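Listed here are the chains, written in short residue letters.
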Amino acid sequence: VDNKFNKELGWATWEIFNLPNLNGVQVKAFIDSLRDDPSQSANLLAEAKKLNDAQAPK
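Residues numbered from 1 in each chain as written, not as in the entry; some residues may be left out. Heavy atoms only, no water.

- In the PDB header, solution NMR is given as the technique by which the entry was determined.

## Concerning the nonpolar core
Okay, step 1: Residues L9, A12, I16, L19, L22, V27, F30, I31, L34, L44, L45 and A48 constitute the largest nonpolar core, which totals twelve residues.
Okay, step 2: Put simply, the parts of the chain that give this core at least two residues each are helix 1 (6–17), helix 2 (24–36) and helix 3 (41–54).
Okay, step 3: The biggest single contributor to this core is helix 2, with four residues.
Okay, step 4: In this structure, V27 is in contact with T13, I16, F17 and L22, ignoring residues within four places of it in sequence. (Core = buried A, V, L, I, M, F, W, Y, C linked by side-chain atoms within 4.5 Å. Buried < 20%, exposed > 50% of the residue type's maximum accessible area, 1.4 Å probe, protein only. Helix = DSSP H or I, 4+ residues; strand = E, 2+ residues; numbered from the N terminus. Contact = heavy atoms within 4.5 Å.)

## Section: the environment of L34
Okay, step 1: Here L34 is to be found in helix 2.
Okay, step 2: By relative accessible area, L34 is classed as buried at 0%.
Okay, step 3: With 24 residues separating them along the chain, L34 and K58 place their C-alpha atoms 27 Å apart.
Okay, step 4: If near-sequence neighbours (up to four positions away) are discounted, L34 is found in contact with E8, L9, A12, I16, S41 and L44.

## Digging into the pattern of salt bridges
Okay, step 1: Scanning the entire structure with this criterion turns up five salt bridges.
Okay, step 2: We note a salt bridge from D32 to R35, for which the minimum N-O separation is 2.9 Å. Separated by three residues within a single helix, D32 and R35 lie in helix 2, roughly one turn from each other.
Okay, step 3: What makes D32 partly exposed here is its relative accessible area of 26%.
Okay, step 4: Where salt bridges share partners, they join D32, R35 and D36 into one cluster. (Salt bridge = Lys/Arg side-chain N within 4 Å of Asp/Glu carboxyl O.)

## Re the environment of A54
Okay, step 1: The topology assignment puts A54 in helix 3.
Okay, step 2: Given a relative accessible area of 57%, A54 falls into the exposed group.
Okay, step 3: Along the backbone, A54 and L22 are 32 residues apart, and their C-alpha atoms lie at a distance of 9.0 Å.

Here it is as structure tokens:
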């Protein structure tokens, strides 16, 4: 428990950005969702994994 929710945003931003298939557009989208909800960071990550998976060489 902390008075700085921003930590989650620093957490998810790099996590999402660490996706080998994302682009500044998709990551920022997740980074954008982060601001909209810091607790969702994992979900944004999830969505990121989803976007990355979508942008994957499959």
